[PDB]
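Below sits a lone chain in structure tokens, taken as the form deposited without this ligand.
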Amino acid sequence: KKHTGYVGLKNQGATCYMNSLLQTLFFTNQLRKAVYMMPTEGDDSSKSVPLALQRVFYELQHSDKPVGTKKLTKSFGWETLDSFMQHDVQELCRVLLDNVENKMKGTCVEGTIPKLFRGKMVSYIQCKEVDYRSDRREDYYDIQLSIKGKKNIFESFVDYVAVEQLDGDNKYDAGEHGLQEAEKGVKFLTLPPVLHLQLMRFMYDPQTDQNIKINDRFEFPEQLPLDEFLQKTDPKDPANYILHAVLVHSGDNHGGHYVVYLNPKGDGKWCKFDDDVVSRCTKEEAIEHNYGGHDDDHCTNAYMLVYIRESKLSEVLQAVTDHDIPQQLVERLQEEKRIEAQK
């Protein structure tokens, strides 16, 4: 527990965003407690993702030394030298959360995942010259925001909700009305208590023919008002979000360094999580110094932000204690440790 109170994770290969993401998920206290509850007795230690995540969280909560992740990577089968380089942070997140959600089904914590991370959107198509619209609900668990050519997060949200023209030769097939010029877009109906925003600095194949990293300046705030992107708003619960995590990458596309900044209590007291080294830092370092740019004469910037709904903040970050871990689970991990101590 060091001197920040918090312990790091081991550098065990090119796992890229993984340690950052695990720290982010660990300090989503409501998720952690829920994960502690899954009926993982009788699971195979080798094969079980639920158990493997239980183990890592337990270690992060009790261990005074940097925590290993080997059994975690084995279980969801990303073990080759470059398996994390072939995926992104939002893909690993879904891998983890889907295993966990699937374990929680039929348990006293079923629905913890959609409760904390799921939001609702309306996807619509409006024809210009014919009276036809098709409104359909879409669920999301995270949001990929465009950052290229945008000054900040507000412009990104503006761009995300911008109307798109559908015109021949890209006309909408309007059924009985045949091919029709249309407008399509999305609107938000609900925003989740925990909001995962990926910033698209790392981008596809610009036709020819690399994955590249955009290191342009992109500003995000400590406090994020999203009411004006909602179809209708609640007077008693405005869509006000507070910045909780800034996942940072330093360098370019090919090779770089991965760090995450957290204020895991939600008070504005920030720590820097750099694998095994956890140290406290200024708020400027966690935030402004991660805007990116090319400024003094800079390759260090956020690719992912986590925001927490201010009204649900002090709950999402609710106290965890030792008693929140069931005895059966404590006993099992303790026995494994004892086996390991036999070398």
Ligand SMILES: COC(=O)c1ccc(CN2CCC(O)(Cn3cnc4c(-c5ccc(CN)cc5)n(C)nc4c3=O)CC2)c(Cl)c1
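In this text, rigid core is short for the largest set of C-alphas that superpose within 1.5 Å between two forms. The numbering used is simple: start at 1 and walk along the sequence shown.
In the other compared entries of this protein that model both flanking residues, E310 has coordinates in every one, well short of a third left out. In all of the other compared structures of this protein with flanking residues present, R32 is modelled, so it falls below the one-third mark for missing coordinates.
Counting the unmodelled positions of the deposited sequence between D297 and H298 gives a gap of 4 to 9 residues. Between the stretches 45-53 and 23-31, it is 45-53 that shows the larger average CA temperature factor. The deposited model assigns a higher average Cα B-factor to 265-273 than to the other stretch when 195-203 and 265-273 are compared. Highest CA B-factor among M85, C127, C93, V186, as stated in the entry: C127. When the Cα B-factors of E222, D159, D237, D216 are read from the PDB record, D237 comes out highest.
Per-chain ranking of the deposited C-alpha B factor places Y258 in the lowest third.
Annotation for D64: C-alpha temperature factor in the middle third relative to the rest of the modelled chain, per the entry. Split the chain's modelled residues into thirds by C-alpha temperature factor. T73 is in the lowest one.
Among the modelled residues of the chain, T190 sits in the middle third by CA temperature factor in this PDB entry. When the modelled residues of the chain are ordered by their C-alpha B factor, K150 lands in the middle third.
Quick note: we don't show the form deposited with this ligand bound, though the next part is all about it.
Placed here by superposing the C-alphas around the site, this ligand (as posed in the deposited bound form) has at least 3 atoms within 2.4 Å of backbone or C-beta atoms: blocked pocket. Not one of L191, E228 and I308 comes within 4.5 Å of this ligand in the deposited bound form, counting any heavy atom. None of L243, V89, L72, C271 but one reaches within 4.5 angstroms of this ligand in the deposited bound form through a heavy atom, and that residue is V89. Screening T233, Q223, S123, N211 for any heavy atom within 4.5 Å of this ligand in the deposited bound form leaves a single hit, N211.
Contact annotation: this ligand lies within 4.5 Å of heavy atoms from the stretch 195-203 in the deposited bound form, the single such stretch among 72-80, 195-203, 123-131, 234-242. Although the partner is absent here, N253 sits close enough that one of its heavy atoms falls within 4.5 Å of this ligand in the deposited bound form.
Shown alone here, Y303 lies within 4.5 Å of this ligand in the deposited bound form, counting heavy atoms only. Using a 4.5 Å cutoff between non-hydrogen atoms, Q144 counts as a contact of this ligand in the deposited bound form. This ligand in the deposited bound form is not approached by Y172, whose heavy atoms all lie more than 4.5 angstroms from it.
Shown here without this ligand, the chain has only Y17 in 13-41 lying with a heavy atom within 4.5 Å of that partner in the deposited bound form. Considering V158, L230, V122, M203, one residue stands apart with a C-alpha shift of at least 2 Å between this form and the one not shown following superposition on the core, and it is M203. With the core held fixed, the Cα of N253 is displaced between this form and the one not shown by 2 Å or more.
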